[PDB]
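Written out below as structure tokens is the structure these notes cover.
Any value given below was found using the heavy atoms of this structure, including those in side chains, with hydrogens, waters and symmetry copies removed. In what follows, chains are A, B, ... by sequence order, proteins preceding strands, each numbered from 1.
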Protein chains: 2
Amino acid sequence: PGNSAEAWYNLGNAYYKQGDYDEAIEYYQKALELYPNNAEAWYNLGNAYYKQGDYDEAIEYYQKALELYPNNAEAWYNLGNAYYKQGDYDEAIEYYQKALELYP
Amino acid sequence: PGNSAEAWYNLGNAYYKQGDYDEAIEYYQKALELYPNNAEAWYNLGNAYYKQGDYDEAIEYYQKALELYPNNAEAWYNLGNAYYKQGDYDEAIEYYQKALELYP
């Protein structure tokens, strides 16, 4: 359409910035259909789900992001945050500590 | 003797690096006697106590460090660690989150 994975990813980001999380998700998913290994699309998808209060979904996507890009301190942080928002303090701490050991 | 707060602080650091925590503490304390507001001496004193397993002492010193130098992300982190090592997960998380919001 629609042949650059980056373009759909950029559009996801612009909707996300505007607070239109539903739209952002559909674009990120299109980026990932073209390019399933796009760690940055998995990550921002996680963020979009997090912002909606769907912490289970965010966790699953963050996990995929981190499998492909394990030096993303910010994603470790947000993974920690997602567990924190579920009341899983043990896991929040584990991932906060991982985020903090990647700095700088 | 012994008139540069920095010199005593540097010596504290060299002992600390060598694993001689007892000695490191005595030097940091001398730095602080000259210069009670030395945030970096309070901080590394905390570290020295932490390394000995005296987490209460480390916390108290980290607190002083952070009152004087609140943008020290690393000190927030180690404060979190000190509470973590005491099993106070609520406080560990609070300070981990503060450390992580100071990055970068």
Side-chain angles (χ1 to χ4, degrees), chain A residues 46-47 50 53 55-56 58-59 62-63 65-66 70-104, chain B residues 9 12-33 35-104:
Chain A
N47 288 335
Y50 180 94
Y55 309 113
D56 280 333
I59 286 154
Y62 289 148
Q63 279 175 350
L66 286 168
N71 295 335
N72 198 352
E74 201 186 81
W76 286 113
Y77 171 31
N78 284 133
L79 180 66
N81 290 156
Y83 282 104
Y84 167 76
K85 292 289 199 178
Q86 283 186 331
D88 180 354
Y89 281 12
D90 287 15
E91 302 281 38
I93 277 166
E94 185 185 340
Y95 299 126
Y96 289 156
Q97 289 164 342
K98 184 64 206 266
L100 282 157
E101 80 199 13
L102 263 38
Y103 281 112
Chain B
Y9 165 71
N13 289 346
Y15 281 103
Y16 177 98
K17 193 181 277 258
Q18 252 63 64
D20 294 337
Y21 304 123
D22 280 73
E23 278 283 280
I25 290 165
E26 270 174 71
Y27 284 92
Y28 288 138
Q29 285 174 343
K30 181 69 173 181
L32 285 170
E33 214 178 283
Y35 172 22
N37 292 323
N38 186 344
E40 294 281 45
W42 286 111
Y43 173 53
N44 281 328
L45 188 63
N47 288 335
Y49 278 105
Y50 180 94
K51 289 292 180 180
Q52 292 183 326
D54 194 340
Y55 309 113
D56 280 333
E57 283 311 299
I59 286 154
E60 173 187 326
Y61 299 134
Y62 289 148
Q63 279 175 350
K64 280 255 76 99
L66 286 168
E67 280 170 301
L68 297 146
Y69 178 14
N71 295 335
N72 198 352
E74 201 186 81
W76 286 113
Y77 171 31
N78 284 133
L79 180 66
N81 290 156
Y83 282 104
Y84 167 76
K85 292 289 199 178
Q86 283 186 331
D88 180 354
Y89 281 12
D90 287 15
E91 302 281 38
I93 277 166
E94 185 185 340
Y95 299 126
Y96 289 156
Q97 289 164 342
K98 184 64 206 266
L100 282 157
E101 80 199 13
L102 263 38
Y103 281 112

Q: Take atom OH of B:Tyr84 as the centre, draw a 6.0 Å sphere, and report whether it contains more than 12 heavy atoms from other residues, nucleotides or ligands.
A: no
**Q.** Gap separating the OH atom of B:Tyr83 from the CD atom of B:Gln86, nearest 0.5 angstrom
**A.** 7.5 Å
Q | Distance (rounded to the nearest 0.5 Å) between B:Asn38 CG and B:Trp42 CH2 | A | 9.5 Å
Could you list the donor-acceptor pairs under 3.5 angstrom formed between side-chain atoms of residues 89-104 of chain B and any protein atom two or more places apart in sequence or on another chain?
residue: B:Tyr96; atom: OH; partner: A:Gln97; partner atom: NE2; Å: 3.0
residue: B:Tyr96; atom: OH; partner: B:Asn81; partner atom: ND2; Å: 2.6
residue: B:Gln97; atom: NE2; partner: A:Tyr96; partner atom: OH; Å: 3.0

